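Okay, here we've got a single chain as structure tokens, the form deposited in one PDB entry, with questions on binding and movement later.
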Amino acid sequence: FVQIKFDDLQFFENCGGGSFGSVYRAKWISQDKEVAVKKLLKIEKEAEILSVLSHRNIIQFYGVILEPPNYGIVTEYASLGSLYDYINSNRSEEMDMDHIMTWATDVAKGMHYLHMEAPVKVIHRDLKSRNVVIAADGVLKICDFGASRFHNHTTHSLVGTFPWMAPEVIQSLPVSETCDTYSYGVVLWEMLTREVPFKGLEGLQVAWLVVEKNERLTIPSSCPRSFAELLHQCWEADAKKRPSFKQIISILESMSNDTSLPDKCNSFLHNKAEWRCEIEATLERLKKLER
């Protein structure tokens, strides 16, 4: 639990402009490192237990600021921004199957670490594309994995998050590690379609559809069966039927040995002008049904 002085940080944006949980890009002056700083109401000493987590696919802890009223957590800064912002930009047009496979494996490997390999078992509960960021060499890094335990006030809006939330999380039901499998499924769908899940729908409406109606995001008819089946396994209503992250990694490895899949997936990825209408038709249907 290395302490970093507030005076040892150069902030690049003003740090008084955000809600708790806001993250600011900063320079750690004494170490000449670019860092992220999350603003917190206060920091539990017990958060020490997460300070020892370390994996190439999770954001790296650096220290804590402990000078009331200024509290925060300092981590590495991933130079290329959030996965969400990348996906929903025109830059994601450069993604091919090898790109998606690498990034899907990155996130699955970080979550497997959190669930099974870390000194403390971590169930994220808030995994989403805005909580994954891209390092300078393209490695993805999961953020906010300690929020649900140690600074729940940062997480809650909640309406924004309902596309990524497992039904059992939405209902405050018994929750297992496979709530993160469901969320990961959504992140994979975002990478494949490069669309905002349930775009333009009210969050309460999403939660209702997902929980009571077993509604799930539209998988385009031309999506390769291997990806579609993986999405369906992640999205099972019964959380005990969802795959672990070890199983997901195994599936990804089997898909990477399928010599027919690069052509099928790249053709699907570059065919967005044709299948985008299948997603928009579902959204029109869902919006009209609410009316």
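In this text, rigid core is short for the largest set of C-alphas that superpose within 1.5 Å between two forms. Position 1 is the first residue in the sequence shown; the rest follow in order. Residues that one form lacks are left out of the comparison.
Coordinates are lacking for 1 to 3 deposited residues between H156 and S157. When 137-145 is weighed against 194-202, 194-202 comes out higher, by mean CA B-factor as recorded in the entry. On average the C-alpha atoms of 158-166 have higher B-factors than those of the other stretch, with 158-166 and 67-75 being the two compared. By the numbers in the PDB entry, the CA B factor is greatest at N152 among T178, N152, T102, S82.
Ranked within its chain, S89 lands in the middle third, by CA B factor from the PDB record. In the PDB entry, a CA B factor belonging to the lowest third of its chain's modelled residues is recorded for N57. Ranked within its chain, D106 lands in the lowest third, by CA B factor from the PDB record. Among the modelled residues of the chain, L9 sits in the lowest third by CA temperature factor in this PDB entry. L217 sits in the middle third of its chain by CA B factor, as recorded in the PDB entry.
As for the form deposited in another entry, it is not shown, yet the points below apply to it.
With the rigid core aligned between this form and the one not shown, the listed residues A47, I249, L66, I29 include just one Cα displaced by at least 2 Å, namely that of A47. Once the cores line up, the CA of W275 ends up less than 2 angstroms apart between this form and the one not shown. In a rigid-core overlay of the protein, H99 has its C-alpha displaced by under 2 Å between this form and the one not shown. Residue displacement note: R149 has its CA displaced by at least 2 Å between this form and the one not shown (rigid core superposed).
Relative to the displayed conformation, the Cα-Cα distance from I134 to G18 shrinks by 3 Å or more in the other entry. With a change of no less than 3 Å, the CA-CA distance between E46 and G72 is smaller in the other entry than in the form shown.
In sequence order, the regions between this form and the one not shown where at least three consecutive C-alphas each move 2 angstroms or more after rigid core superposition are 13-21, 45-47, 149-154.
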